[PDB]
>>> print(open('coords.tsv').read())   # TSV, N, CA and C atoms
chain	number	residue	atom	x	y	z
A	1	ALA	N	105.54	92.37	100.51
A	1	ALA	CA	105.42	93.77	100.87
A	1	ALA	C	105.05	93.93	102.34
A	2	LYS	N	105.12	95.16	102.84
A	2	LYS	CA	104.79	95.44	104.23
A	2	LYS	C	103.54	96.30	104.33
A	3	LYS	N	102.97	96.38	105.53
A	3	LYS	CA	101.77	97.16	105.77
A	3	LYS	C	102.05	98.65	105.57
A	4	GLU	N	103.30	99.05	105.78
A	4	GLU	CA	103.69	100.44	105.63
A	4	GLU	C	103.69	100.85	104.16
A	5	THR	N	104.24	99.98	103.31
A	5	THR	CA	104.30	100.25	101.88
A	5	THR	C	102.91	100.36	101.28
A	6	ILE	N	102.04	99.42	101.63
A	6	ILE	CA	100.67	99.42	101.13
A	6	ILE	C	99.98	100.76	101.39
A	7	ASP	N	100.25	101.34	102.55
A	7	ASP	CA	99.66	102.62	102.92
A	7	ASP	C	100.15	103.73	102.00
A	8	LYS	N	101.44	103.70	101.68
A	8	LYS	CA	102.04	104.70	100.81
A	8	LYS	C	101.42	104.65	99.42
A	9	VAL	N	101.40	103.47	98.82
A	9	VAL	CA	100.83	103.28	97.49
A	9	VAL	C	99.36	103.66	97.47
A	10	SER	N	98.59	103.08	98.39
A	10	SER	CA	97.16	103.35	98.48
A	10	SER	C	96.90	104.85	98.57
A	11	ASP	N	97.75	105.55	99.31
A	11	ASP	CA	97.61	106.99	99.48
A	11	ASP	C	97.68	107.71	98.14
A	12	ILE	N	98.62	107.29	97.29
A	12	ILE	CA	98.79	107.89	95.98
A	12	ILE	C	97.67	107.46	95.03
A	13	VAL	N	97.37	106.16	95.03
A	13	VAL	CA	96.32	105.62	94.17
A	13	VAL	C	94.97	106.25	94.49
A	14	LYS	N	94.54	106.13	95.74
A	14	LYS	CA	93.27	106.69	96.18
A	14	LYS	C	93.19	108.17	95.85
A	15	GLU	N	94.33	108.85	95.87
A	15	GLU	CA	94.39	110.27	95.57
A	15	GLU	C	94.08	110.53	94.10
A	16	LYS	N	94.43	109.57	93.25
A	16	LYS	CA	94.19	109.69	91.81
A	16	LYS	C	92.76	109.30	91.47
A	17	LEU	N	92.15	108.48	92.31
A	17	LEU	CA	90.78	108.03	92.10
A	17	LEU	C	89.80	108.92	92.86
A	18	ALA	N	90.32	109.74	93.76
A	18	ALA	CA	89.49	110.64	94.55
A	18	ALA	C	90.34	111.50	95.48
A	19	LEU	N	89.68	112.30	96.31
A	19	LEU	CA	90.38	113.18	97.24
A	19	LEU	C	91.03	112.37	98.36
A	20	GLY	N	90.53	111.16	98.59
A	20	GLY	CA	91.07	110.31	99.63
A	20	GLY	C	90.19	110.26	100.86
A	21	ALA	N	89.31	111.25	101.00
A	21	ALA	CA	88.41	111.32	102.14
A	21	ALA	C	87.05	110.71	101.80
A	22	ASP	N	86.71	110.72	100.52
A	22	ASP	CA	85.44	110.17	100.07
A	22	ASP	C	85.64	108.83	99.37
A	23	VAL	N	86.83	108.27	99.52
A	23	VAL	CA	87.16	106.99	98.90
A	23	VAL	C	87.78	106.03	99.91
A	24	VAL	N	87.59	104.73	99.69
A	24	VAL	CA	88.14	103.72	100.57
A	24	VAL	C	88.94	102.68	99.80
A	25	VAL	N	90.26	102.72	99.96
A	25	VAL	CA	91.14	101.78	99.28
A	25	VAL	C	91.84	100.85	100.27
A	26	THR	N	92.03	99.60	99.87
A	26	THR	CA	92.68	98.61	100.72
A	26	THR	C	93.48	97.62	99.89
A	27	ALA	N	94.19	96.72	100.58
A	27	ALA	CA	95.00	95.71	99.90
A	27	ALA	C	94.12	94.74	99.13
A	28	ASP	N	92.87	94.60	99.56
A	28	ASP	CA	91.94	93.69	98.90
A	28	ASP	C	91.22	94.40	97.75
A	29	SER	N	91.22	95.73	97.79
A	29	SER	CA	90.56	96.52	96.75
A	29	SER	C	91.31	96.40	95.43
A	30	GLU	N	90.56	96.28	94.34
A	30	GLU	CA	91.15	96.16	93.01
A	30	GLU	C	91.10	97.49	92.27
A	31	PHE	N	92.20	97.84	91.61
A	31	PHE	CA	92.28	99.09	90.87
A	31	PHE	C	91.11	99.23	89.90
A	32	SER	N	90.65	98.10	89.37
A	32	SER	CA	89.54	98.09	88.43
A	32	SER	C	88.21	98.31	89.16
A	33	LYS	N	88.12	97.79	90.38
A	33	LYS	CA	86.91	97.93	91.19
A	33	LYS	C	86.81	99.34	91.77
A	34	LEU	N	87.95	99.92	92.11
A	34	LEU	CA	87.99	101.27	92.67
A	34	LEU	C	87.54	102.30	91.65
A	35	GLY	N	87.63	101.94	90.37
A	35	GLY	CA	87.23	102.85	89.31
A	35	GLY	C	88.40	103.34	88.49
A	36	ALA	N	89.52	102.61	88.56
A	36	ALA	CA	90.71	102.98	87.82
A	36	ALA	C	90.80	102.22	86.50
A	37	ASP	N	90.62	102.94	85.40
A	37	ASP	CA	90.68	102.34	84.07
A	37	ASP	C	92.12	102.18	83.61
A	38	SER	N	92.29	101.65	82.40
A	38	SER	CA	93.62	101.44	81.84
A	38	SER	C	94.42	102.75	81.84
A	39	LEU	N	93.72	103.86	81.68
A	39	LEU	CA	94.36	105.17	81.66
A	39	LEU	C	94.74	105.61	83.07
A	40	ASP	N	94.03	105.10	84.06
A	40	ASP	CA	94.30	105.44	85.46
A	40	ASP	C	95.45	104.61	86.00
A	41	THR	N	95.35	103.29	85.85
A	41	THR	CA	96.39	102.39	86.33
A	41	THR	C	97.77	102.86	85.90
A	42	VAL	N	97.93	103.11	84.60
A	42	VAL	CA	99.20	103.56	84.06
A	42	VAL	C	99.73	104.77	84.83
A	43	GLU	N	98.81	105.62	85.28
A	43	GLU	CA	99.18	106.82	86.02
A	43	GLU	C	99.60	106.46	87.45
A	44	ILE	N	99.01	105.40	87.98
A	44	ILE	CA	99.32	104.95	89.33
A	44	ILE	C	100.79	104.59	89.47
A	45	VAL	N	101.27	103.73	88.56
A	45	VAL	CA	102.66	103.30	88.58
A	45	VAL	C	103.60	104.48	88.34
A	46	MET	N	103.15	105.44	87.54
A	46	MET	CA	103.95	106.62	87.24
A	46	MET	C	104.17	107.46	88.49
A	47	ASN	N	103.09	107.74	89.21
A	47	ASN	CA	103.17	108.54	90.43
A	47	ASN	C	103.97	107.81	91.51
A	48	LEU	N	103.89	106.48	91.49
A	48	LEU	CA	104.61	105.67	92.47
A	48	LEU	C	106.10	105.62	92.15
A	49	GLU	N	106.43	105.42	90.88
A	49	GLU	CA	107.82	105.36	90.45
A	49	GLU	C	108.57	106.61	90.86
A	50	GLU	N	107.91	107.76	90.76
A	50	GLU	CA	108.52	109.03	91.13
A	50	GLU	C	108.60	109.18	92.65
A	51	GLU	N	107.68	108.53	93.35
A	51	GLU	CA	107.64	108.59	94.81
A	51	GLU	C	108.78	107.76	95.41
A	52	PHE	N	108.88	106.51	94.99
A	52	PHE	CA	109.92	105.62	95.48
A	52	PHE	C	111.16	105.67	94.60
A	53	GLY	N	111.19	106.65	93.69
A	53	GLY	CA	112.32	106.80	92.79
A	53	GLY	C	112.65	105.51	92.07
A	54	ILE	N	111.65	104.67	91.87
A	54	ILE	CA	111.84	103.40	91.18
A	54	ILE	C	111.35	103.47	89.74
A	55	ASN	N	111.50	102.37	89.01
A	55	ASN	CA	111.07	102.30	87.62
A	55	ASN	C	110.63	100.89	87.25
A	56	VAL	N	109.48	100.79	86.59
A	56	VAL	CA	108.95	99.50	86.17
A	56	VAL	C	108.15	99.62	84.88
A	57	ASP	N	108.23	98.59	84.04
A	57	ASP	CA	107.52	98.58	82.77
A	57	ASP	C	106.06	98.20	82.97
A	58	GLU	N	105.19	98.74	82.13
A	58	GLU	CA	103.76	98.45	82.21
A	58	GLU	C	103.48	96.97	81.95
A	59	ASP	N	104.14	96.43	80.93
A	59	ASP	CA	103.96	95.03	80.56
A	59	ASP	C	104.29	94.12	81.74
A	60	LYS	N	105.16	94.60	82.63
A	60	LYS	CA	105.56	93.83	83.81
A	60	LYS	C	104.53	93.98	84.93
A	61	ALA	N	103.81	95.10	84.92
A	61	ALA	CA	102.80	95.36	85.94
A	61	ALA	C	101.42	94.95	85.45
A	62	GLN	N	101.38	93.99	84.52
A	62	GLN	CA	100.12	93.51	83.97
A	62	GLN	C	99.33	92.73	85.02
A	63	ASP	N	99.99	91.78	85.67
A	63	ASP	CA	99.35	90.96	86.69
A	63	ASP	C	98.78	91.84	87.80
A	64	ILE	N	99.36	93.02	87.98
A	64	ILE	CA	98.90	93.95	89.00
A	64	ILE	C	97.40	94.18	88.91
A	65	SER	N	96.69	93.93	90.00
A	65	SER	CA	95.24	94.11	90.04
A	65	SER	C	94.82	94.87	91.29
A	66	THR	N	95.41	94.50	92.43
A	66	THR	CA	95.10	95.14	93.70
A	66	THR	C	96.28	95.95	94.21
A	67	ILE	N	96.05	96.71	95.28
A	67	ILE	CA	97.10	97.53	95.87
A	67	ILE	C	98.32	96.69	96.24
A	68	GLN	N	98.07	95.58	96.92
A	68	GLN	CA	99.15	94.68	97.34
A	68	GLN	C	100.02	94.29	96.15
A	69	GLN	N	99.38	93.91	95.05
A	69	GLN	CA	100.10	93.51	93.85
A	69	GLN	C	101.10	94.59	93.43
A	70	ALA	N	100.64	95.83	93.41
A	70	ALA	CA	101.49	96.96	93.03
A	70	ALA	C	102.54	97.24	94.10
A	71	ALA	N	102.23	96.86	95.33
A	71	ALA	CA	103.15	97.07	96.45
A	71	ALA	C	104.32	96.09	96.39
A	72	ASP	N	104.05	94.88	95.93
A	72	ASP	CA	105.08	93.85	95.82
A	72	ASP	C	106.13	94.24	94.78
A	73	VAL	N	105.67	94.76	93.65
A	73	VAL	CA	106.56	95.17	92.57
A	73	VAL	C	107.46	96.33	93.02
A	74	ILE	N	106.88	97.26	93.76
A	74	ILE	CA	107.63	98.41	94.25
A	74	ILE	C	108.60	98.01	95.36
A	75	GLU	N	108.06	97.44	96.43
A	75	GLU	CA	108.88	97.01	97.56
A	75	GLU	C	109.99	96.06	97.09
A	76	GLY	N	109.71	95.32	96.03
A	76	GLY	CA	110.69	94.38	95.50
A	76	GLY	C	111.83	95.08	94.79
A	77	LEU	N	111.57	96.28	94.29
A	77	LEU	CA	112.58	97.05	93.58
A	77	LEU	C	113.52	97.75	94.56
A	78	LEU	N	112.94	98.40	95.56
A	78	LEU	CA	113.72	99.11	96.57
A	78	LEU	C	114.74	98.18	97.22
A	79	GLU	N	114.39	96.90	97.32
A	79	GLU	CA	115.28	95.91	97.92
A	79	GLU	C	116.51	95.68	97.04
A	80	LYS	N	116.32	95.78	95.73
A	80	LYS	CA	117.41	95.58	94.78
A	80	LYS	C	118.56	96.53	95.07
A	81	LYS	N	118.25	97.67	95.68
A	81	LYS	CA	119.26	98.66	96.03
A	81	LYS	C	120.29	98.07	96.99
A	82	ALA	N	121.35	98.83	97.24
A	82	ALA	CA	122.41	98.39	98.15
A	82	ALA	C	123.11	97.16	97.60
>>> encode(input="coords.tsv", output="structure tokens")
Amino acid sequence: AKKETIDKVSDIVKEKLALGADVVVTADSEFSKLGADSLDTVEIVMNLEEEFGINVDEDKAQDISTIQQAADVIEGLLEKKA
């Protein structure tokens, strides 16, 4: 993934965990540590899929733990295009 993609995802994720101004999310930050439960994570991929117009199964995003992890799955899909 790229530094640009991480910013996009983090923007959406942090927005779901907070307003974004009172929260601090990074590539090293874990969705579980940020305060995102199983009900939150599932929503993260949903908001992202609609953003990048991509699609991914939850069972496939299991390994996903940090922002970067979720960024790799997304950035990896957009590449499939063309």
>>> atom_distance(input="coords.tsv", atom1="atom N of residue 79 (chain A)", atom2="CA of residue 29 (chain A)")
23.8 Å
>>> residues_around(input="coords.tsv", residues="region 19-27 of chain A", least_positions_apart="5", cutoff="6 Å", atoms="only N, CA and C atoms", output="tab-separated table (two decimals) with N, CA and C atoms, keeping the file's coordinate frame")
chain	number	residue	atom	x	y	z
A	14	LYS	N	94.54	106.13	95.74
A	14	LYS	CA	93.27	106.69	96.18
A	14	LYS	C	93.19	108.17	95.85
A	66	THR	N	95.41	94.50	92.43
A	66	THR	CA	95.10	95.14	93.70
A	66	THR	C	96.28	95.95	94.21
A	67	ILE	N	96.05	96.71	95.28
A	67	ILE	CA	97.10	97.53	95.87
A	67	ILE	C	98.32	96.69	96.24
A	68	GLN	N	98.07	95.58	96.92
A	68	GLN	CA	99.15	94.68	97.34
A	68	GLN	C	100.02	94.29	96.15
>>> closest_residue(input="coords.tsv", among="A:30, A:82, A:53, A:41", to="residue 65 (chain A)", atoms="only N, CA and C atoms")
A:30
>>> atom_distance(input="coords.tsv", atom1="atom C of residue 33 (chain A)", atom2="CA of residue 73 (chain A)")
20.2 Å
>>> select_by_dssp(input="coords.tsv", residues="chain A", states="alpha helix (DSSP H)", output="MDAnalysis selection string")
chainID A and resid 3:17 31:34 38:51 67:80
>>> write_last_selection(input="coords.tsv", atoms="N, CA and C atoms", output="compact mmCIF listing (two decimals), keeping the file's coordinate frame")
# COMPACT_ATOMS: atom_id res chain seq x y z
N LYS A 3 102.97 96.38 105.53
CA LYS A 3 101.77 97.16 105.77
C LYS A 3 102.05 98.65 105.57
N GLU A 4 103.30 99.05 105.78
CA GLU A 4 103.69 100.44 105.63
C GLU A 4 103.69 100.85 104.16
N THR A 5 104.24 99.98 103.31
CA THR A 5 104.30 100.25 101.88
C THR A 5 102.91 100.36 101.28
N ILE A 6 102.04 99.42 101.63
CA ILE A 6 100.67 99.42 101.13
C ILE A 6 99.98 100.76 101.39
N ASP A 7 100.25 101.34 102.55
CA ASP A 7 99.66 102.62 102.92
C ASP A 7 100.15 103.73 102.00
N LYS A 8 101.44 103.70 101.68
CA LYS A 8 102.04 104.70 100.81
C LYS A 8 101.42 104.65 99.42
N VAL A 9 101.40 103.47 98.82
CA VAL A 9 100.83 103.28 97.49
C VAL A 9 99.36 103.66 97.47
N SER A 10 98.59 103.08 98.39
CA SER A 10 97.16 103.35 98.48
C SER A 10 96.90 104.85 98.57
N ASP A 11 97.75 105.55 99.31
CA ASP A 11 97.61 106.99 99.48
C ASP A 11 97.68 107.71 98.14
N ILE A 12 98.62 107.29 97.29
CA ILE A 12 98.79 107.89 95.98
C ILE A 12 97.67 107.46 95.03
N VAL A 13 97.37 106.16 95.03
CA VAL A 13 96.32 105.62 94.17
C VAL A 13 94.97 106.25 94.49
N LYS A 14 94.54 106.13 95.74
CA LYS A 14 93.27 106.69 96.18
C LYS A 14 93.19 108.17 95.85
N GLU A 15 94.33 108.85 95.87
CA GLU A 15 94.39 110.27 95.57
C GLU A 15 94.08 110.53 94.10
N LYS A 16 94.43 109.57 93.25
CA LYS A 16 94.19 109.69 91.81
C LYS A 16 92.76 109.30 91.47
N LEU A 17 92.15 108.48 92.31
CA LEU A 17 90.78 108.03 92.10
C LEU A 17 89.80 108.92 92.86
N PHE A 31 92.20 97.84 91.61
CA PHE A 31 92.28 99.09 90.87
C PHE A 31 91.11 99.23 89.90
N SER A 32 90.65 98.10 89.37
CA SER A 32 89.54 98.09 88.43
C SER A 32 88.21 98.31 89.16
N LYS A 33 88.12 97.79 90.38
CA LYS A 33 86.91 97.93 91.19
C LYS A 33 86.81 99.34 91.77
N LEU A 34 87.95 99.92 92.11
CA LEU A 34 87.99 101.27 92.67
C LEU A 34 87.54 102.30 91.65
N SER A 38 92.29 101.65 82.40
CA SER A 38 93.62 101.44 81.84
C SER A 38 94.42 102.75 81.84
N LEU A 39 93.72 103.86 81.68
CA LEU A 39 94.36 105.17 81.66
C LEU A 39 94.74 105.61 83.07
N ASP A 40 94.03 105.10 84.06
CA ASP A 40 94.30 105.44 85.46
C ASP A 40 95.45 104.61 86.00
N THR A 41 95.35 103.29 85.85
CA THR A 41 96.39 102.39 86.33
C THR A 41 97.77 102.86 85.90
N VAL A 42 97.93 103.11 84.60
CA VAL A 42 99.20 103.56 84.06
C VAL A 42 99.73 104.77 84.83
N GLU A 43 98.81 105.62 85.28
CA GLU A 43 99.18 106.82 86.02
C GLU A 43 99.60 106.46 87.45
N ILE A 44 99.01 105.40 87.98
CA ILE A 44 99.32 104.95 89.33
C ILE A 44 100.79 104.59 89.47
N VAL A 45 101.27 103.73 88.56
CA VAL A 45 102.66 103.30 88.58
C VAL A 45 103.60 104.48 88.34
N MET A 46 103.15 105.44 87.54
CA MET A 46 103.95 106.62 87.24
C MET A 46 104.17 107.46 88.49
N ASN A 47 103.09 107.74 89.21
CA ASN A 47 103.17 108.54 90.43
C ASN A 47 103.97 107.81 91.51
N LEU A 48 103.89 106.48 91.49
CA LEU A 48 104.61 105.67 92.47
C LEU A 48 106.10 105.62 92.15
N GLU A 49 106.43 105.42 90.88
CA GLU A 49 107.82 105.36 90.45
C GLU A 49 108.57 106.61 90.86
N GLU A 50 107.91 107.76 90.76
CA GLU A 50 108.52 109.03 91.13
C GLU A 50 108.60 109.18 92.65
N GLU A 51 107.68 108.53 93.35
CA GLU A 51 107.64 108.59 94.81
C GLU A 51 108.78 107.76 95.41
N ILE A 67 96.05 96.71 95.28
CA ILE A 67 97.10 97.53 95.87
C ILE A 67 98.32 96.69 96.24
N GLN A 68 98.07 95.58 96.92
CA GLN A 68 99.15 94.68 97.34
C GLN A 68 100.02 94.29 96.15
N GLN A 69 99.38 93.91 95.05
CA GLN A 69 100.10 93.51 93.85
C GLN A 69 101.10 94.59 93.43
N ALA A 70 100.64 95.83 93.41
CA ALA A 70 101.49 96.96 93.03
C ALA A 70 102.54 97.24 94.10
N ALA A 71 102.23 96.86 95.33
CA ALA A 71 103.15 97.07 96.45
C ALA A 71 104.32 96.09 96.39
N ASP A 72 104.05 94.88 95.93
CA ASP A 72 105.08 93.85 95.82
C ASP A 72 106.13 94.24 94.78
N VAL A 73 105.67 94.76 93.65
CA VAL A 73 106.56 95.17 92.57
C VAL A 73 107.46 96.33 93.02
N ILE A 74 106.88 97.26 93.76
CA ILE A 74 107.63 98.41 94.25
C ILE A 74 108.60 98.01 95.36
N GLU A 75 108.06 97.44 96.43
CA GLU A 75 108.88 97.01 97.56
C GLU A 75 109.99 96.06 97.09
N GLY A 76 109.71 95.32 96.03
CA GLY A 76 110.69 94.38 95.50
C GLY A 76 111.83 95.08 94.79
N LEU A 77 111.57 96.28 94.29
CA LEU A 77 112.58 97.05 93.58
C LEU A 77 113.52 97.75 94.56
N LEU A 78 112.94 98.40 95.56
CA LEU A 78 113.72 99.11 96.57
C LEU A 78 114.74 98.18 97.22
N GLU A 79 114.39 96.90 97.32
CA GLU A 79 115.28 95.91 97.92
C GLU A 79 116.51 95.68 97.04
N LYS A 80 116.32 95.78 95.73
CA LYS A 80 117.41 95.58 94.78
C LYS A 80 118.56 96.53 95.07
>>> residues_near_point(input="coords.tsv", point="(105.6, 99.0, 99.1)", cutoff="8 Å", atoms="all atoms listed in the file", output="number ranges by chain")
A: 1-9, 68, 70-76
>>> closest_residue(input="coords.tsv", among="A:13, A:59, A:18, A:34", to="residue 47 (chain A)", atoms="all atoms listed in the file")
A:13
>>> decode(input="coords.tsv", residues="chain A", atoms="C-alpha atoms", output="mmCIF file, in the first residue's frame")
data_model
loop_
_atom_site.group_PDB
_atom_site.id
_atom_site.type_symbol
_atom_site.label_atom_id
_atom_site.label_comp_id
_atom_site.auth_asym_id
_atom_site.auth_seq_id
_atom_site.Cartn_x
_atom_site.Cartn_y
_atom_site.Cartn_z
ATOM 1 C CA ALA A 1 0.000 0.000 0.000
ATOM 2 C CA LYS A 2 0.936 3.679 -0.239
ATOM 3 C CA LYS A 3 1.004 6.520 2.289
ATOM 4 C CA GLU A 4 -1.840 8.160 0.365
ATOM 5 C CA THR A 5 -4.149 5.152 0.670
ATOM 6 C CA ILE A 6 -3.508 4.784 4.400
ATOM 7 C CA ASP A 7 -4.671 8.373 4.865
ATOM 8 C CA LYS A 8 -7.917 7.694 3.004
ATOM 9 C CA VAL A 9 -8.772 4.571 5.001
ATOM 10 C CA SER A 10 -7.710 6.068 8.332
ATOM 11 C CA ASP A 11 -9.909 9.073 7.558
ATOM 12 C CA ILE A 12 -12.968 6.837 7.225
ATOM 13 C CA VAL A 13 -12.054 4.533 10.109
ATOM 14 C CA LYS A 14 -11.184 7.302 12.566
ATOM 15 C CA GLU A 15 -14.452 8.950 11.532
ATOM 16 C CA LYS A 16 -16.361 5.847 12.627
ATOM 17 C CA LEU A 17 -14.464 5.661 15.921
ATOM 18 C CA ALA A 18 -14.720 9.408 16.518
ATOM 19 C CA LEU A 19 -15.067 12.856 14.949
ATOM 20 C CA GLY A 20 -11.466 12.619 13.786
ATOM 21 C CA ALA A 21 -10.286 15.651 15.742
ATOM 22 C CA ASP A 22 -10.326 13.970 19.155
ATOM 23 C CA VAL A 23 -8.869 10.709 17.847
ATOM 24 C CA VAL A 24 -5.448 9.632 16.583
ATOM 25 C CA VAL A 25 -5.198 6.829 14.025
ATOM 26 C CA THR A 26 -2.078 5.541 12.274
ATOM 27 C CA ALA A 27 -0.695 2.604 10.293
ATOM 28 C CA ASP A 28 0.619 1.165 13.559
ATOM 29 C CA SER A 29 -2.710 1.681 15.326
ATOM 30 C CA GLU A 30 -4.883 -1.423 15.655
ATOM 31 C CA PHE A 31 -8.627 -1.331 14.987
ATOM 32 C CA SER A 32 -9.040 -3.224 18.260
ATOM 33 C CA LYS A 33 -6.824 -0.781 20.156
ATOM 34 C CA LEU A 34 -8.567 2.258 18.672
ATOM 35 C CA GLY A 35 -11.798 0.954 20.169
ATOM 36 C CA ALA A 36 -13.310 -0.746 17.131
ATOM 37 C CA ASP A 37 -15.193 -3.913 18.077
ATOM 38 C CA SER A 38 -16.319 -6.718 15.768
ATOM 39 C CA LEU A 39 -19.373 -4.583 15.001
ATOM 40 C CA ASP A 40 -17.163 -1.606 14.152
ATOM 41 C CA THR A 41 -14.562 -3.348 11.991
ATOM 42 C CA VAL A 42 -17.278 -4.818 9.771
ATOM 43 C CA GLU A 43 -18.510 -1.261 9.237
ATOM 44 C CA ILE A 44 -15.009 -0.059 8.365
ATOM 45 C CA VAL A 45 -14.683 -2.343 5.341
ATOM 46 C CA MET A 46 -18.233 -1.439 4.322
ATOM 47 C CA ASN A 47 -17.567 2.307 4.270
ATOM 48 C CA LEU A 48 -14.282 1.664 2.464
ATOM 49 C CA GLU A 49 -15.756 -0.660 -0.162
ATOM 50 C CA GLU A 50 -18.214 2.086 -1.100
ATOM 51 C CA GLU A 51 -15.429 4.678 -1.114
ATOM 52 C CA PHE A 52 -13.044 2.802 -3.409
ATOM 53 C CA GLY A 53 -15.971 1.113 -5.129
ATOM 54 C CA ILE A 54 -14.337 -2.182 -4.193
ATOM 55 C CA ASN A 55 -15.654 -5.357 -2.565
ATOM 56 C CA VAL A 56 -14.146 -7.820 -0.089
ATOM 57 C CA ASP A 57 -15.415 -10.634 2.131
ATOM 58 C CA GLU A 58 -15.159 -10.387 5.919
ATOM 59 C CA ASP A 59 -13.626 -13.856 6.201
ATOM 60 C CA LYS A 60 -10.873 -12.558 3.918
ATOM 61 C CA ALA A 61 -10.318 -9.456 6.047
ATOM 62 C CA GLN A 62 -9.794 -11.564 9.168
ATOM 63 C CA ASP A 63 -6.028 -11.061 9.331
ATOM 64 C CA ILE A 64 -6.777 -7.337 9.143
ATOM 65 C CA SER A 65 -5.755 -5.748 12.443
ATOM 66 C CA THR A 66 -4.204 -2.358 11.690
ATOM 67 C CA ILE A 67 -4.920 0.390 9.162
ATOM 68 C CA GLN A 68 -2.093 -0.775 6.901
ATOM 69 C CA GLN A 69 -3.539 -4.291 6.836
ATOM 70 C CA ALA A 70 -6.870 -2.943 5.591
ATOM 71 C CA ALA A 71 -5.013 -0.680 3.163
ATOM 72 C CA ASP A 72 -3.218 -3.604 1.524
ATOM 73 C CA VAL A 73 -6.478 -5.432 0.821
ATOM 74 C CA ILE A 74 -8.026 -2.307 -0.696
ATOM 75 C CA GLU A 75 -5.032 -1.034 -2.666
ATOM 76 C CA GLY A 76 -4.577 -4.604 -3.861
ATOM 77 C CA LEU A 77 -8.085 -4.667 -5.314
ATOM 78 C CA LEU A 78 -7.907 -1.360 -7.186
ATOM 79 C CA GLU A 79 -4.825 -2.747 -8.934
ATOM 80 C CA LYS A 80 -6.850 -5.690 -10.242
ATOM 81 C CA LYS A 81 -8.652 -3.146 -12.421
ATOM 82 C CA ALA A 82 -7.529 -2.379 -15.973
#
